[PDB]
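Read through the structure below, which is laid out as structure tokens, and then see the notes.
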Amino acid sequence: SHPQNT
Amino acid sequence: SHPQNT
Amino acid sequence: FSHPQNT
Amino acid sequence: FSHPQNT
Amino acid sequence: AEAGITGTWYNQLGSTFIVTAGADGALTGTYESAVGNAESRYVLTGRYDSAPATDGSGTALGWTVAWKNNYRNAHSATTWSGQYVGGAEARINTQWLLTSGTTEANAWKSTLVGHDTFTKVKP
Amino acid sequence: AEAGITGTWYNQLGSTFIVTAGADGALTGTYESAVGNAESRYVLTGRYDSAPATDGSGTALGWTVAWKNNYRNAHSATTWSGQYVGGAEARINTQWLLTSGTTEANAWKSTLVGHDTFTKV
Amino acid sequence: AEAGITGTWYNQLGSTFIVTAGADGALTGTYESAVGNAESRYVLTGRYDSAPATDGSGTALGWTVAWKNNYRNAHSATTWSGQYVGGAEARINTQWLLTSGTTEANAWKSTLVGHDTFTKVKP
Amino acid sequence: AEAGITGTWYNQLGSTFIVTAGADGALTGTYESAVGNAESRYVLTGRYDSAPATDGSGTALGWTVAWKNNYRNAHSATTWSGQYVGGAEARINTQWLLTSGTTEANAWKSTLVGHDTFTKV
């Protein structure tokens with residue numbers, strides 16, 4: 001998962 | 001102007 | 001990932 | 001174009 | 001599957017893309033600006049995934065236009081890379097690179113990047 | 001110069017790009033990874049400017065590989081956009097976009113971008 | 001002009017960007033995912049054109065987030081590059097690059113590219 | 001390694017990038033073109049990972065230059081995204097996006113993309 005997007 | 005877009 | 005494009 | 005970024 | 005991609009498509013700036021998907025993974029067709037008519041028509045060639053993952057995954061595809069036809073030559077080529085998403089409203093979402101032929105000294109500013117969304121209108 | 005594109009080219013990671021340039025602008029051939037084996041090979045098609053400018057400019061070109069052959073399907077496609085420069089040391093300088101087929105939730109992280117320099121060496 | 005850019009903005013995936021434009025061309029603020037609350041908040045720094053061309057030209061700007069705060073570290077940085085277009089509906093249109101720290105061998109697939117549109121909601 | 005980023009770096013076209021890396025992830029400094037003169041200089045700000053991974057990975061970083069100083073305003077901004085690799089030959093490998101402020105009619109051709117490699121040489 002990356003924090004840039006959900 | 002380029003032909004790709006108007 | 002790991003893909004055919006390189007090495 | 002011609003811009004400050006290079007040369 | 002090929003049938004889904006084959007048709008007439010249009011992007012948000014009003015350009016036309018007509019494409020046929022062949023069963024070996026080939027894409028062939030023509031690309032036009034919104035001015036319409038004959039010469040804005042250029043040849044495109046590309047490849048797509050002919051055996052996509054099931055799921056609600058898109059089908060990856062890509063194509064190239066070199067901006068030279070029998071009436072004009074812009075000394076440039078664009079490649080679009082993206083995915084076909086099927087449904088009621090089928091769409092192709094892409095990102096594109098436009099490279100112009102330059103001299104060595106100006107090579108650092110040769111390539112434009114952008115993105116296009118195509119909506120389908122006919123097979 | 002124009003058909004100087006026809007040949008065998010190598011990028012900086014050892015991948016091999018074998019192309020035929022047609023007189024009217026078609027680009028056709030194969031691409032294969034390093035490791036060598038006869039199917040790491042994938043088909044490519046493209047287009048190039050068959051009548052470039054007469055000042056010292058490069059020849060614009062582009063091509064596509066969908067990453068499916070009879071052995072593997074990586075459910076993706078890469079496009080390279082760049083220009084060929086002739087001379088005693090010819091090369092093709094490119095940038096590329098790799099898109100994978102994803103679900104809608106992952107669509108924002110579908111595309112990688114990179115750059116390759118092909119020479120005949 | 002700074003006042004136009006200063007505020008709370010949101011992109012199409014529901015992330016939050018809070019920014020202050022200073023009169024020397026500086027941008028400072030925080031960036032959040034749609035999960036909301038504290039830790040999804042990361043520090044951003046950027047620069048914008050503080051003396052734009054008049055016309056209906058946009059204002060060019062850019063900023064960086066490195067994805068490490070006091071709760072998480074994704075070992076990656078994103079840069080957004082685009083332009084502020086003012087009006088009734090003010091918008092920031094961007095393209096972005098996400099680079100992850102990799103070993104030498106995987107460096108060729110280190111960078112993601114994409115595009116975001118931000119709509120303003122508050123100063 | 002971490003603060004090995006602080007210093008003077010040169011890209012392959014002779015531009016100079018002078019940076020200070022802060023302990024908590026801030027990047028601050030100046031960028032100037034070749035030709036040399038004391039205002040081809042522009043201010044930059046950025047962020048880097050101040051606690052990178054302990055396997056042999058690079059340090060992710062990025063920065064922005066808006067192309068306005070007291071002498072010139074090119075009505076544009078460039079962002080570089082990449083990673084620093086330490087060692088006997090350290091370098092920063094990047095890709096960049098140059099956006100110009102345009103009218104809506106020209107918005108589709110607003111952004112150039114390219115790549116730079118900075119070394120201390």
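Ordered as shown in the structure tokens, chains take letters A, B, and onward, while each chain numbers its residues from 1 and ligands are numbered from 1 in the order shown.
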Any chance you could tabulate, as a Markdown table, the residues of chain G at most 10 Å from chain C with each one's nearest atom pair and distance in Å to one decimal, using only C-alpha atoms, in chain and rising number order?
```
| residue | atom | partner | partner_atom | distance |
| --- | --- | --- | --- | --- |
| G:105 | CA | C:7 | CA | 8.7 |
| G:106 | CA | C:2 | CA | 8.6 |
| G:108 | CA | C:6 | CA | 8.1 |
| G:109 | CA | C:1 | CA | 8.4 |
```
Restrict the selected residues to N, CA and C atoms and save them as an mmCIF file, in the first residue's frame.
```
data_model
loop_
_atom_site.group_PDB
_atom_site.id
_atom_site.type_symbol
_atom_site.label_atom_id
_atom_site.label_comp_id
_atom_site.auth_asym_id
_atom_site.auth_seq_id
_atom_site.Cartn_x
_atom_site.Cartn_y
_atom_site.Cartn_z
ATOM 1 N N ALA G 105 20.392 -2.984 -8.899
ATOM 2 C CA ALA G 105 19.710 -3.885 -9.811
ATOM 3 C C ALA G 105 18.242 -3.556 -10.078
ATOM 4 N N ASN G 106 17.481 -2.990 -9.158
ATOM 5 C CA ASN G 106 16.102 -2.665 -9.442
ATOM 6 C C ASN G 106 15.814 -1.225 -9.733
ATOM 7 N N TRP G 108 15.915 0.419 -12.398
ATOM 8 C CA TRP G 108 15.127 0.706 -13.615
ATOM 9 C C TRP G 108 13.633 0.767 -13.388
ATOM 10 N N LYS G 109 13.079 0.154 -12.322
ATOM 11 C CA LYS G 109 11.635 0.246 -12.040
ATOM 12 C C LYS G 109 11.341 0.987 -10.748
#
```
One residue among F:114, F:7, F:56, F:82 is nearest to chain C when using only C-alpha atoms, and that residue is F:114
Select, as number ranges by chain, those residues of chain H with any atom no more than 7 Å from chain D (distances computed using only C-alpha atoms). H: 13, 15, 33-35, 40, 74
Taking only C-alpha atoms into account, report as JSON, numbers by chain which residues of chain F lie within 9 Å of chain H. {"F": [95, 113, 114, 115]}
Spatial neighbours of residue 107 (chain F), 12 Å, only C-alpha atoms, chain gap at least 6 places, as a PyMOL selection string: (chain A and resi 5-6) or (chain E and resi 56-60+82-85+93-94) or (chain F and resi 99-101) or (chain G and resi 13+112-115)
Emit the selected residues as an mmCIF file, in the first residue's frame, including N, CA, C and O atoms.
```cif
data_model
loop_
_atom_site.group_PDB
_atom_site.id
_atom_site.type_symbol
_atom_site.label_atom_id
_atom_site.label_comp_id
_atom_site.auth_asym_id
_atom_site.auth_seq_id
_atom_site.Cartn_x
_atom_site.Cartn_y
_atom_site.Cartn_z
ATOM 1 N N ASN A 5 -1.879 7.473 -1.932
ATOM 2 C CA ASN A 5 -3.317 7.386 -2.165
ATOM 3 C C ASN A 5 -3.915 6.228 -1.395
ATOM 4 O O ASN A 5 -3.144 5.477 -0.805
ATOM 5 N N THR A 6 -5.238 6.195 -1.280
ATOM 6 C CA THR A 6 -5.936 5.148 -0.570
ATOM 7 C C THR A 6 -6.425 4.062 -1.542
ATOM 8 O O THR A 6 -6.438 4.278 -2.758
ATOM 9 N N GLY E 56 -11.510 -7.484 -12.572
ATOM 10 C CA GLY E 56 -11.947 -6.268 -13.213
ATOM 11 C C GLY E 56 -10.671 -5.493 -13.523
ATOM 12 O O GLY E 56 -10.586 -4.290 -13.265
ATOM 13 N N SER E 57 -9.632 -6.248 -13.936
ATOM 14 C CA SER E 57 -8.363 -5.694 -14.357
ATOM 15 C C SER E 57 -8.543 -5.116 -15.761
ATOM 16 O O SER E 57 -9.367 -5.572 -16.546
ATOM 17 N N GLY E 58 -7.844 -4.061 -16.124
ATOM 18 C CA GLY E 58 -7.894 -3.583 -17.500
ATOM 19 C C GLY E 58 -6.956 -4.393 -18.369
ATOM 20 O O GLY E 58 -6.132 -5.202 -17.882
ATOM 21 N N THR E 59 -7.057 -4.123 -19.670
ATOM 22 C CA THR E 59 -6.223 -4.734 -20.700
ATOM 23 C C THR E 59 -5.163 -3.696 -21.055
ATOM 24 O O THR E 59 -5.485 -2.612 -21.559
ATOM 25 N N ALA E 60 -3.907 -4.007 -20.849
ATOM 26 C CA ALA E 60 -2.841 -3.105 -21.193
ATOM 27 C C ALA E 60 -2.631 -3.048 -22.730
ATOM 28 O O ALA E 60 -2.771 -4.068 -23.439
ATOM 29 N N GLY E 82 -1.349 2.663 -21.921
ATOM 30 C CA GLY E 82 -2.444 2.703 -20.960
ATOM 31 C C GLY E 82 -3.221 1.399 -20.885
ATOM 32 O O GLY E 82 -2.670 0.315 -21.171
ATOM 33 N N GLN E 83 -4.480 1.499 -20.487
ATOM 34 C CA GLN E 83 -5.306 0.316 -20.351
ATOM 35 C C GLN E 83 -6.730 0.601 -20.684
ATOM 36 O O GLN E 83 -7.208 1.734 -20.530
ATOM 37 N N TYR E 84 -7.250 -0.450 -21.355
ATOM 38 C CA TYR E 84 -8.645 -0.551 -21.770
ATOM 39 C C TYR E 84 -9.442 -1.102 -20.574
ATOM 40 O O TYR E 84 -9.094 -2.129 -20.004
ATOM 41 N N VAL E 85 -10.506 -0.409 -20.201
ATOM 42 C CA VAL E 85 -11.383 -0.814 -19.125
ATOM 43 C C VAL E 85 -12.733 -0.925 -19.798
ATOM 44 O O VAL E 85 -13.239 0.087 -20.329
ATOM 45 N N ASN E 93 -7.648 4.656 -20.772
ATOM 46 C CA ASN E 93 -6.927 5.683 -20.031
ATOM 47 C C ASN E 93 -5.474 5.565 -20.407
ATOM 48 O O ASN E 93 -4.928 4.450 -20.359
ATOM 49 N N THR E 94 -4.841 6.678 -20.821
ATOM 50 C CA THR E 94 -3.453 6.658 -21.245
ATOM 51 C C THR E 94 -2.596 7.782 -20.642
ATOM 52 O O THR E 94 -3.112 8.808 -20.153
ATOM 53 N N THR F 99 2.889 0.359 -18.644
ATOM 54 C CA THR F 99 1.600 0.326 -17.946
ATOM 55 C C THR F 99 1.179 -1.121 -17.624
ATOM 56 O O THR F 99 1.271 -1.961 -18.534
ATOM 57 N N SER F 100 0.764 -1.470 -16.410
ATOM 58 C CA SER F 100 0.217 -2.789 -16.160
ATOM 59 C C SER F 100 -1.305 -2.795 -16.137
ATOM 60 O O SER F 100 -1.905 -1.784 -15.761
ATOM 61 N N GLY F 101 -2.007 -3.867 -16.568
ATOM 62 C CA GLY F 101 -3.466 -3.927 -16.441
ATOM 63 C C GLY F 101 -3.800 -4.042 -14.951
ATOM 64 O O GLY F 101 -3.309 -4.952 -14.280
ATOM 65 N N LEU G 13 -8.706 11.343 -5.577
ATOM 66 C CA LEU G 13 -8.711 10.139 -4.789
ATOM 67 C C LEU G 13 -9.021 10.523 -3.339
ATOM 68 O O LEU G 13 -9.016 9.630 -2.479
ATOM 69 N N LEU G 112 7.241 5.756 -10.517
ATOM 70 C CA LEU G 112 5.880 5.789 -10.954
ATOM 71 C C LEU G 112 5.518 7.198 -11.497
ATOM 72 O O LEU G 112 6.065 8.177 -10.972
ATOM 73 N N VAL G 113 4.647 7.357 -12.488
ATOM 74 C CA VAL G 113 4.258 8.659 -13.014
ATOM 75 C C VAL G 113 2.733 8.657 -13.045
ATOM 76 O O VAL G 113 2.081 7.637 -13.319
ATOM 77 N N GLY G 114 2.104 9.795 -12.808
ATOM 78 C CA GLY G 114 0.651 9.871 -12.820
ATOM 79 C C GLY G 114 0.195 11.317 -12.844
ATOM 80 O O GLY G 114 1.037 12.176 -13.120
ATOM 81 N N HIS G 115 -1.059 11.668 -12.595
ATOM 82 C CA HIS G 115 -1.489 13.052 -12.697
ATOM 83 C C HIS G 115 -2.637 13.258 -11.706
ATOM 84 O O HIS G 115 -3.439 12.342 -11.497
#
```
Give the strand (DSSP E) residues of chain H, as DSSP finds them on the backbone, and put them as a PDB file with C-alpha atoms, in the first residue's frame.
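Okay, this is what ended up in result24.pdb:
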```pdb
ATOM      1  CA  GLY H   7      27.690  19.299  -1.165  1.00  0.00           C
ATOM      2  CA  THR H   8      28.153  20.573  -4.722  1.00  0.00           C
ATOM      3  CA  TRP H   9      26.867  18.361  -7.574  1.00  0.00           C
ATOM      4  CA  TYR H  10      26.999  18.773 -11.400  1.00  0.00           C
ATOM      5  CA  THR H  16      25.559  23.122 -10.632  1.00  0.00           C
ATOM      6  CA  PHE H  17      23.376  22.032  -7.664  1.00  0.00           C
ATOM      7  CA  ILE H  18      24.542  23.134  -4.200  1.00  0.00           C
ATOM      8  CA  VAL H  19      22.495  21.497  -1.359  1.00  0.00           C
ATOM      9  CA  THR H  20      22.332  21.387   2.487  1.00  0.00           C
ATOM     10  CA  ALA H  21      20.471  18.300   3.824  1.00  0.00           C
ATOM     11  CA  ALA H  26      14.849  19.163   4.596  1.00  0.00           C
ATOM     12  CA  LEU H  27      16.738  19.927   1.437  1.00  0.00           C
ATOM     13  CA  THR H  28      17.755  23.579   0.778  1.00  0.00           C
ATOM     14  CA  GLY H  29      20.109  25.236  -1.700  1.00  0.00           C
ATOM     15  CA  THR H  30      20.695  26.776  -5.097  1.00  0.00           C
ATOM     16  CA  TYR H  31      20.793  25.599  -8.778  1.00  0.00           C
ATOM     17  CA  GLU H  32      22.499  27.475 -11.605  1.00  0.00           C
ATOM     18  CA  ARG H  41      21.053  31.065  -9.850  1.00  0.00           C
ATOM     19  CA  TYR H  42      17.704  30.097  -8.518  1.00  0.00           C
ATOM     20  CA  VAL H  43      16.572  28.910  -5.128  1.00  0.00           C
ATOM     21  CA  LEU H  44      15.440  25.314  -4.436  1.00  0.00           C
ATOM     22  CA  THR H  45      13.691  23.512  -1.583  1.00  0.00           C
ATOM     23  CA  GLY H  46      12.966  19.791  -1.178  1.00  0.00           C
ATOM     24  CA  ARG H  47      12.653  16.728   1.109  1.00  0.00           C
ATOM     25  CA  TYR H  48      14.650  13.403   1.371  1.00  0.00           C
ATOM     26  CA  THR H  59      17.952   7.370  -0.411  1.00  0.00           C
ATOM     27  CA  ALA H  60      14.741   8.784  -2.013  1.00  0.00           C
ATOM     28  CA  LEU H  61      14.638  12.589  -2.506  1.00  0.00           C
ATOM     29  CA  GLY H  62      12.990  15.334  -4.604  1.00  0.00           C
ATOM     30  CA  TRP H  63      13.203  19.149  -4.964  1.00  0.00           C
ATOM     31  CA  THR H  64      11.567  22.081  -6.842  1.00  0.00           C
ATOM     32  CA  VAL H  65      12.999  25.225  -8.608  1.00  0.00           C
ATOM     33  CA  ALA H  66      10.537  27.917  -9.753  1.00  0.00           C
ATOM     34  CA  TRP H  67      12.382  29.764 -12.542  1.00  0.00           C
ATOM     35  CA  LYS H  68      12.203  33.269 -11.201  1.00  0.00           C
ATOM     36  CA  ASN H  73      11.080  35.029 -14.784  1.00  0.00           C
ATOM     37  CA  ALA H  74      10.633  32.053 -17.156  1.00  0.00           C
ATOM     38  CA  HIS H  75       7.083  31.406 -15.774  1.00  0.00           C
ATOM     39  CA  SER H  76       7.779  27.754 -15.061  1.00  0.00           C
ATOM     40  CA  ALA H  77       8.838  25.281 -12.357  1.00  0.00           C
ATOM     41  CA  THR H  78      10.883  22.022 -12.536  1.00  0.00           C
ATOM     42  CA  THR H  79      10.665  19.106 -10.002  1.00  0.00           C
ATOM     43  CA  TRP H  80      13.342  16.351  -9.871  1.00  0.00           C
ATOM     44  CA  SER H  81      12.478  12.955  -8.185  1.00  0.00           C
ATOM     45  CA  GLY H  82      15.160  10.355  -7.701  1.00  0.00           C
ATOM     46  CA  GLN H  83      17.547   8.706  -5.348  1.00  0.00           C
ATOM     47  CA  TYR H  84      21.009   9.279  -3.955  1.00  0.00           C
ATOM     48  CA  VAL H  85      23.522   6.379  -4.056  1.00  0.00           C
ATOM     49  CA  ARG H  91      25.572  10.110  -7.604  1.00  0.00           C
ATOM     50  CA  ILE H  92      21.989  11.255  -7.611  1.00  0.00           C
ATOM     51  CA  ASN H  93      19.918   9.650 -10.371  1.00  0.00           C
ATOM     52  CA  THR H  94      16.754  11.609 -11.276  1.00  0.00           C
ATOM     53  CA  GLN H  95      13.872  12.141 -13.618  1.00  0.00           C
ATOM     54  CA  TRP H  96      12.250  15.647 -13.815  1.00  0.00           C
ATOM     55  CA  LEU H  97       9.034  17.397 -14.904  1.00  0.00           C
ATOM     56  CA  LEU H  98       9.204  21.006 -16.301  1.00  0.00           C
ATOM     57  CA  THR H  99       5.740  22.690 -16.359  1.00  0.00           C
ATOM     58  CA  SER H 100       5.191  26.148 -17.953  1.00  0.00           C
ATOM     59  CA  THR H 111       5.053  19.742 -19.493  1.00  0.00           C
ATOM     60  CA  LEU H 112       8.460  18.353 -20.598  1.00  0.00           C
ATOM     61  CA  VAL H 113       9.966  15.263 -19.001  1.00  0.00           C
ATOM     62  CA  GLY H 114      13.654  14.341 -18.859  1.00  0.00           C
ATOM     63  CA  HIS H 115      16.326  12.695 -16.724  1.00  0.00           C
ATOM     64  CA  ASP H 116      19.577  13.944 -15.017  1.00  0.00           C
ATOM     65  CA  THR H 117      22.519  12.267 -13.336  1.00  0.00           C
ATOM     66  CA  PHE H 118      24.385  14.405 -10.801  1.00  0.00           C
ATOM     67  CA  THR H 119      27.929  13.555  -9.645  1.00  0.00           C
TER      68      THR H 119
END
```
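Between CA of residue 42 (chain E) and CA of residue 122 (chain E) lies a distance of 19.4 Å.
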Contacts of residue 4 (chain A) within 10 Å, only C-alpha atoms, excl. fewer than 2 positions in-chain, as number ranges by chain: A: 1-2, 6; F: 108-109; G: 13, 15, 31-34, 40, 42, 65, 67, 74, 76-78, 98
Would you output that residue set with N, CA, C and O atoms, as a JSON list (two decimals), in the first residue's frame?
```
[["chain", "number", "residue", "atom", "x", "y", "z"],
["A", 1, "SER", "N", 0.90, -1.13, 0.00],
["A", 1, "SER", "CA", 0.00, 0.00, 0.00],
["A", 1, "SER", "C", 0.95, 1.19, 0.00],
["A", 1, "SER", "O", 2.06, 1.02, 0.53],
["A", 2, "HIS", "N", 0.63, 2.32, -0.61],
["A", 2, "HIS", "CA", 1.52, 3.47, -0.47],
["A", 2, "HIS", "C", 0.69, 4.56, 0.19],
["A", 2, "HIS", "O", -0.51, 4.58, -0.10],
["A", 6, "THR", "N", -5.24, 6.20, -1.28],
["A", 6, "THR", "CA", -5.94, 5.15, -0.57],
["A", 6, "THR", "C", -6.42, 4.06, -1.54],
["A", 6, "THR", "O", -6.44, 4.28, -2.76],
["F", 108, "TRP", "N", -4.06, 4.27, -9.96],
["F", 108, "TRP", "CA", -3.12, 5.39, -9.77],
["F", 108, "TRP", "C", -1.67, 4.96, -9.78],
["F", 108, "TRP", "O", -0.77, 5.74, -10.09],
["F", 109, "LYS", "N", -1.37, 3.70, -9.48],
["F", 109, "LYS", "CA", 0.00, 3.27, -9.45],
["F", 109, "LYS", "C", 0.21, 2.28, -10.61],
["F", 109, "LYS", "O", 1.07, 1.39, -10.53],
["G", 13, "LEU", "N", -8.71, 11.34, -5.58],
["G", 13, "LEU", "CA", -8.71, 10.14, -4.79],
["G", 13, "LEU", "C", -9.02, 10.52, -3.34],
["G", 13, "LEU", "O", -9.02, 9.63, -2.48],
["G", 15, "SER", "N", -7.33, 12.69, -1.18],
["G", 15, "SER", "CA", -6.23, 13.21, -0.40],
["G", 15, "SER", "C", -6.44, 14.72, -0.25],
["G", 15, "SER", "O", -7.00, 15.37, -1.15],
["G", 31, "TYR", "N", 0.49, 17.27, 3.71],
["G", 31, "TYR", "CA", -0.23, 16.39, 2.80],
["G", 31, "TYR", "C", -0.80, 15.18, 3.55],
["G", 31, "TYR", "O", -0.08, 14.56, 4.33],
["G", 32, "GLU", "N", -2.06, 14.84, 3.32],
["G", 32, "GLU", "CA", -2.78, 13.70, 3.89],
["G", 32, "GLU", "C", -3.52, 12.76, 2.93],
["G", 32, "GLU", "O", -4.18, 13.24, 2.00],
["G", 33, "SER", "N", -3.52, 11.43, 3.16],
["G", 33, "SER", "CA", -4.43, 10.48, 2.48],
["G", 33, "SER", "C", -5.89, 10.66, 2.91],
["G", 33, "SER", "O", -6.12, 11.26, 3.97],
["G", 34, "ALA", "N", -6.93, 10.13, 2.22],
["G", 34, "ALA", "CA", -8.35, 10.17, 2.63],
["G", 34, "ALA", "C", -8.70, 9.46, 3.93],
["G", 34, "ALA", "O", -9.82, 9.57, 4.41],
["G", 40, "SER", "N", -1.41, 10.20, 8.50],
["G", 40, "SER", "CA", -1.31, 10.27, 7.10],
["G", 40, "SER", "C", -0.80, 11.69, 6.95],
["G", 40, "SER", "O", -0.75, 12.07, 5.79],
["G", 42, "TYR", "N", 2.00, 14.38, 6.28],
["G", 42, "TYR", "CA", 3.42, 14.51, 5.99],
["G", 42, "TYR", "C", 3.77, 15.98, 5.61],
["G", 42, "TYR", "O", 2.91, 16.74, 5.12],
["G", 65, "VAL", "N", 6.87, 15.72, -1.29],
["G", 65, "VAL", "CA", 6.61, 15.10, 0.01],
["G", 65, "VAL", "C", 7.62, 13.93, 0.11],
["G", 65, "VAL", "O", 7.81, 13.22, -0.87],
["G", 67, "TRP", "N", 7.94, 10.54, 2.08],
["G", 67, "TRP", "CA", 6.98, 9.74, 2.82],
["G", 67, "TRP", "C", 7.52, 9.12, 4.12],
["G", 67, "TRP", "O", 7.53, 7.91, 4.33],
["G", 74, "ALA", "N", 7.74, 5.18, 4.33],
["G", 74, "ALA", "CA", 7.67, 4.38, 3.10],
["G", 74, "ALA", "C", 8.92, 4.41, 2.24],
["G", 74, "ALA", "O", 8.88, 3.81, 1.15],
["G", 76, "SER", "N", 10.39, 6.61, 0.13],
["G", 76, "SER", "CA", 9.96, 7.13, -1.16],
["G", 76, "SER", "C", 9.68, 8.62, -1.06],
["G", 76, "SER", "O", 9.45, 9.13, 0.04],
["G", 77, "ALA", "N", 9.73, 9.35, -2.19],
["G", 77, "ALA", "CA", 9.42, 10.79, -2.27],
["G", 77, "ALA", "C", 8.59, 11.03, -3.56],
["G", 77, "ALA", "O", 8.88, 10.38, -4.60],
["G", 78, "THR", "N", 7.54, 11.85, -3.46],
["G", 78, "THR", "CA", 6.80, 12.28, -4.63],
["G", 78, "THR", "C", 7.00, 13.77, -4.88],
["G", 78, "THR", "O", 7.04, 14.58, -3.95],
["G", 98, "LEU", "N", 6.76, 9.44, -8.48],
["G", 98, "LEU", "CA", 6.93, 8.84, -7.15],
["G", 98, "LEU", "C", 8.23, 8.01, -7.23],
["G", 98, "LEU", "O", 8.21, 7.03, -7.97]]
```
Using only C-alpha atoms, I'd like every residue of chain E that has an atom within 8 Å of chain F; please write them out as an MDAnalysis selection string. chainID E and resid 25 44:49 51:53 55:68 75:83 95:104 111
